[PDB]
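Each ligand, and each atom within it, is numbered from 1 in the order the structure gives. Because only heavy atoms are used, hydrogens play no part in the values below, and waters and symmetry mates are left out as well, while side chains stay in. The sequence lines fix the lettering, A, B, ..., with proteins before strands; numbering per chain opens at 1.
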There are 2 protein chains.
Amino acid sequence: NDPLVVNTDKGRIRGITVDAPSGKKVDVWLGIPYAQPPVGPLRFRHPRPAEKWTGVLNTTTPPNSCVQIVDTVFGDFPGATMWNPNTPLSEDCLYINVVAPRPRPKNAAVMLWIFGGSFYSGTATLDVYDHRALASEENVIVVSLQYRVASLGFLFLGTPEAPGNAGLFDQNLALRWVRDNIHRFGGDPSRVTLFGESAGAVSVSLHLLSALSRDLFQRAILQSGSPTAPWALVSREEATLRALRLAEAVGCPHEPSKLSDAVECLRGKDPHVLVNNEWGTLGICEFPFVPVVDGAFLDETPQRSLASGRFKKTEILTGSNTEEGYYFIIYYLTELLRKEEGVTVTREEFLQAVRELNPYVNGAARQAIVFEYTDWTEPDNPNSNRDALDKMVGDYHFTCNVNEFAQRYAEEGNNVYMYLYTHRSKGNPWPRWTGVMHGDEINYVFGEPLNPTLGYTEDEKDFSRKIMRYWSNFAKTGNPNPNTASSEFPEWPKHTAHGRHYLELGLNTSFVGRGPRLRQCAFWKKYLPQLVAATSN
Amino acid sequence: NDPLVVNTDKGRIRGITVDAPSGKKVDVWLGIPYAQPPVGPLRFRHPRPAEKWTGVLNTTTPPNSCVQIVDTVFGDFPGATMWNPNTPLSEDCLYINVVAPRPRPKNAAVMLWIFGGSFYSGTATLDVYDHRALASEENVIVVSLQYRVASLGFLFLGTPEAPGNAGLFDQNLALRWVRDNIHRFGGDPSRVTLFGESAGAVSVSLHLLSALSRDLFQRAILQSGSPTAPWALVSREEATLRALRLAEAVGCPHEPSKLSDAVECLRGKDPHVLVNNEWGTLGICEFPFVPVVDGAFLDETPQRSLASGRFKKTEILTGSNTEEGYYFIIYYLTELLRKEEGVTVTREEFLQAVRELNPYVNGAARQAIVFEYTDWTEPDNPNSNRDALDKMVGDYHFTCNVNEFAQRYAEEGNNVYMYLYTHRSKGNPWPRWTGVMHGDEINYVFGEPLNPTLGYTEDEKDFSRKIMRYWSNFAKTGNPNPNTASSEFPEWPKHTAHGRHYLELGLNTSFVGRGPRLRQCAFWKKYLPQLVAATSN
Ligand SMILES: *[C@@H]1O[C@H](CO)[C@@H](O)[C@H](O)[C@H]1NC(C)=O
Ligand SMILES: *[C@@H]1O[C@H](CO)[C@@H](O)[C@H](O)[C@H]1NC(C)=O
Ligand SMILES: *[C@@H]1O[C@H](CO)[C@@H](O)[C@H](O)[C@H]1NC(C)=O
Ligand SMILES: [Cl-]
């Protein structure tokens with residue numbers, strides 16, 4: 001009997017034994033199909049499941065990446081190219097990857113990765129997401145999936161041939177494949193933990209809401225993303241306009257009254273032409289094609305689900321990084337924050353940035369933001385004014401939404417674990433002033449420091465082992481803490497509805513705090529909305 | 001020859017030798033007259049100098065106190081009775097006290113005290129101000145003066161017979177007396193340091209502005225008071241109305257057109273009847289009869305003098321206590337902050353208090369205050385909501401005005417030293433939650449802990465020695481620091497215009513910080529004014 005041949009519910013498949021960078025060995029199945037290719041008449045539409053096949057399908061090659069724009073802003077800068085697709089771009093992209101430890105488990109916990117990329121970019125095949133270290137060091141099945149992104153994943157016109165959320169129905173279908181099949185690979189299908197970062201975290205949080213995903217997994221890890229983030233969803237009316245603008249931009253009919261003509265033309269366009277024409281006039285952290293409230297995957301806004309307690313009763317682990325804003329500002333204010341060492345911002349530049357980064361609020365709101373984000377010890381300090389820019393973008397679009405979601409989960413009686421990630425890698429290629437940006441924790445979550453061909457210190461390797469152990473303890477039990485309390489493994493306390501404790505994740509630290517950033521988050525969530533209402537006659 | 005008989009420019013006077021509680025001896029001259037009694041036709045008017053006398057005037061008895069209301073809200077509670085007049089009340093109250101060390105110096109520095117009491121109360125004769133410890137431990141001439149308070153000191157109608165600021169002209173005349181005479185008591189008239197607390201500090205600061213006082217002293221110490229405090233001055237237009245309201249309240253004519261009838265009737269009323277009818281409907285930290293801009297003592301608002309650099313160029317030492325607001329709230333919101341142990345404030349009680357304590361601002365401003373003064377770690381915590389009431393009253397009426405004054409003095413090149421006083425006496429008679437209140441430092445400045453019959457600990461005795469040494473180093477040299485830096489005497493750095501360092505004064509501490517409370521002071525001084533402007537249609 002060939003332990004690498006597996007009889008899935010649609011056919012037999014053959015995997016392959018390979019080495020993790022550490023030397024430990026894992027079994028691997030790459031590019032398992034879970035849907036019909038979403039091509040031709042099927043573009044923009046929800047996935048159909050895969051047709052049965054005869055024989056043995058060799059599932060040993062990393063799959064196609066879904067069509068998306070490629071980032072060339074900084075040339076071959078490694079900090080940017082690590083997020084670009086590393087396999088051929090194709091609409092034929094609906095595949096899953098399974099990576100199992102050796103020897104093969106019987107009922108192991110299953111960690112299912114959903115990649116981020118602001119819903120317009122990303123792929124499960126990235127080297128930074130390599131599954132071999134995590135599976136082999138922690139004894140879990142690691143699963144990853146492709147899902148459609150950008151307008152191919154999220155075009156919405158409010159018609160059956162453009163119903164929205166195709167990329168989310170892709171993820172749901174993959175979740176169903178995992179529950180139907182993962183036991184054949186040594187995983188317990190009742191022990192699936194979803195984890196994802198940024199738009200992948202938003203995606204995970206939406207599976208905590210949807211009635212269609214409710215029974216498809218056990219618990220969730222949400223790295224720097226939450227469904228109350230203002231970029232996370234778009235209204236149905238605005239999505240419809242954005243789709244029609246895309247149709248115009250590529251030469252298609254775009255009349256609100258004859259939506260059939262517009263969809264049909266869009267289905268005939270080259271896919272690269274579509275994703276390369278999506279980017280109109282949008283503010284920072286506004287992405288053109290994102291989830292909507294459609295009626296079937298979600299039938300109410302996330303804020304209404306949270307207010308009413310309509311979400312899955314389970315544990316969650318979630319957290320933020322210290323410099324969440326810079327990554328997005330570096331690409332948006334390219335004259336102000338050049339990607340050079342020693343950048344600073346003058347007071348007059350900061351005041352101009354506040355208007356550009358908050359383009360929708362009135363005069364009174366901007367002053368409040370200025371007051372809230374000024375260092376009153378030294379108002380004109382050019383470092384303080386640069387850091388203020390990161391914090392106001394990072395608080396509003398990231399940190400404060402994670403806090404909000406973790407709060408509601410905790411108020412409703414669920415165990416919550418909250419982190420603030422503060423480690424900057426010794427080999428970080430970005431300018432020193434960028435600090436700990438969006439996504440930096442991913443390398444450590446997937447155990448990349450254990451790769452002996454890379455430059456990580458021994459301290460960083462221990463750190464990555466600590467983090468993988470927290471993450472996988474949580475998947476295995478719902479609690480990141482070990483049984484025997486360690487010197488290397490600090491205690492990670494629950495984030496209670498009233499304590500709101502969080503654990504700082506870093507090299508030489510076990511600091512537990514509150515929040516984080518409760519005051520700035522109250523500014524955005526409580527003070528500023530009532531001031532906008534008061535001054536909008 | 002009798003060294004206790006001194007020939008002043010108006011006559012001879014006889015003093016008396018007494019003991020310090022310190023064990024050392026001092027010479028003392030109490031009740032030296034410096035003006036004609038301001039009685040009869042002279043009521044409300046500026047002082048005339050004292051008429052010459054033959055013989056030897058026995059100056060050995062603490063002088064009369066100026067007429068003022070007596071506080072009975074808490075009966076014989078020691079925390080309150082220590083501020084009540086301890087000598088008979090009379091309009092015949094314009095006297096000075098001099099206390100010299102033994103053996104008598106030749107050209108000693110002179111520390112001249114101006115009592116506080118919100119311009120309606122106070123007296124130089126209080127036991128808490130007793131001069132003997134400071135004079136004998138620090139080898140300085142200690143001087144104190146009476147000045148008229150309440151409507152008797154500060155009635156203004158804009159006519160020659162109610163010209164305003166009589167109490168400040170009293171202080172000016174006393175300052176003159178000191179420069180004409182203090183060398184006969186062993187003091188250098190070119191080395192007068194003014195010091196005062198609360199309305200006494202305001203008074204000191206107004207002598208730093210007035211052209212009539214400019215050459216009458218060398219430097220200044222300002223404890224918890226500044227001329228930018230919103231209670232420190234009243235407009236000429238409002239002063240006139242308040243005076244006319246007082247006339248009405250006591251049955252006098254009060255027609256805005258016939259001011260002579262009103263003044264002449266007021267000159268006939270009993271002085272106690274006058275001061276007991278002053279208290280109309282006023283907010284917290286609003287006192288009816290206070291300085292005005294008259295044309296002669298001051299001819300522009302303090303803020304206009306500060307902005308234009310028209311103020312005396314000299315060193316200043318100044319500071320705040322940590323709970324500046326509670327004292328006034330305890331007397332204003334007597335149902336909410338009962339003088340009992342274990343008081344707390346509910347969230348709903350706090351929101352009502354914000355409206356009562358900031359009764360002039362609109363809805364938007366109140367929300368900003370609420371947001372600024374909420375503990376966002378635990379918004380509903382009833383200790384936090386009680387402390388917030390102290391901080392919003394103390395910041396707005398005290399701490400932030402001291403900061404502003406020290407800031408402007410530093411920007412103009414003068415040496416400034418800033419303290420935050422944080423010591424609560426072990427024997428404090430107020431409830432524990434009141435913290436370190438307005439006026440608490442006065443006992444330590446005057447060396448009261450060195451009286452062994454009071455209950456002070458040994459550490460508190462040391463603290464008082466340290467503080468008298470800082471204060472008198474400052475009077476002697478312009479710098480509170482000693483020459484040989486000690487472990488008992490930390491370094492007190494200058495408060496520079498951009499560093500804004502302060503020294504925390506307390507038992508087990510040498511902490512240096514910035515501000516204090518730069519962010520909250522920016523809220524009152526920069527943010528809230530621009531938000532009121534924006535929302536005032
Ligand atoms: C798959 O692998 C086997 C060898 O292990 C090979 O003989 C076969 O041709 C491969 N391709 C397909 C399509 O099965
Ligand atoms: C003043 O004191 C002297 C000596 O102590 C005494 O003889 C004299 O009577 C006193 N004068 C008055 C007016 O009491
Ligand atoms: C003074 O502060 C130090 C700092 O921890 C402390 O160890 C010491 O006990 C303190 N002394 C007191 C509070 O009397
Ligand atoms: Cl001047």
Side-chain angles (χ1 to χ4, degrees), chain A residues 1-8 10-18 27-33 37 50-64 92 95 98, chain B residues 168 172 175 194 204-220 227-228 293-316 322 405 408-414 420-428 432 435-436 444 449 456-466 486-490 503-513:
Chain A
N1 261 335
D2 195 346
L4 295 174
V5 172
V6 172
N7 190 27
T8 85
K10 296 295 174 66
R12 275 132 77 242
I13 66 171
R14 173 179 287 108
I16 182 176
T17 304
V18 301
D27 298 333
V28 149
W29 299 259
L30 308 179
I32 310 170
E51 314 229 270
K52 215 172 39 172
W53 62 82
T54 51
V56 182
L57 184 66
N58 285 329
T59 56
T60 53
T61 296
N64 291 341
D92 176 4
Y95 298 88
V98 176
Chain B
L168 291 171
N172 186 260
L175 291 204
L194 304 180
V204 164
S205 75
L206 294 182
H207 295 300
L208 290 163
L209 303 185
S210 182
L212 298 181
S213 296
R214 171 73 47 99
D215 288 328
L216 294 180
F217 64 105
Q218 184 190 16
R219 49 179 66 106
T228 52
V293 176
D294 54 311
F297 190 76
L298 307 164
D299 64 13
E300 60 192 3
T301 65
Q303 14 306 97
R304 271 211 189 74
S305 299
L306 287 173
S308 67
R310 287 190 290 272
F311 51 80
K312 178 178 174 72
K313 275 133 193 184
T314 187
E315 308 87 0
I316 66 179
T322 46
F405 193 71
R408 278 305 289 128
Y409 254 78
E411 287 170 355
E412 217 71 8
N414 304 286
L420 179 64
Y421 183 93
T422 66
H423 178 64
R424 173 177 174 108
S425 276
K426 171 165 174 174
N428 189 302
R432 291 177 301 269
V436 177
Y444 288 77
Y456 287 91
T457 80
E458 293 302 301
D459 282 355
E460 289 171 338
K461 299 182 182 189
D462 288 335
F463 186 56
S464 178
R465 294 183 189 279
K466 187 215 279 180
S486 304
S487 301
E488 286 204 327
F489 284 83
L503 174 61
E504 176 183 314
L505 297 176
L507 270 200
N508 197 32
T509 183
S510 48
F511 176 80
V512 169

Which N/O atoms of ligand 3 sit under 3.5 Å from a protein N/O, and at what distances?
unit_1: ligand 3; atom_1: 2 (O); unit_2: B:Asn508; atom_2: ND2; d: 2.5
unit_1: ligand 3; atom_1: 11 (N); unit_2: B:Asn508; atom_2: ND2; d: 2.8

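Legend: residues meeting salt bridge (charged side-chain N to carboxylate O under 4.0 Å, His left out) with B:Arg408, ordered by chain and number and at least two apart, are B:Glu411, B:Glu412.
If you check the side chains of B:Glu300 and B:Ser305, you find a donor sitting under 3.5 Å from an acceptor. Side-chain contact of B:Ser425 with B:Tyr444: a donor-acceptor pair under 3.5 Å is present, judged by distance alone.
B:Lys313 forms a cation-pi arrangement with B:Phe311, by the criterion of a distance under 6.0 Å to the ring centre and an angle within 45° of the ring axis.
Of the residues B:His423, B:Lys426, B:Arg465, the one that meets the side chain to side chain donor-acceptor pair (under 3.5 Å) test with B:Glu460 is B:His423. The one candidate from B:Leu194, B:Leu208, B:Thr314 that meets the side-chain contact (heavy atoms from CB on, under 4.5 Å) condition with B:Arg219 is B:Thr314.
Ligand-side atoms of ligand 1 in range of A:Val56: 14 (O), range being under 4.0 angstrom from any heavy atom.
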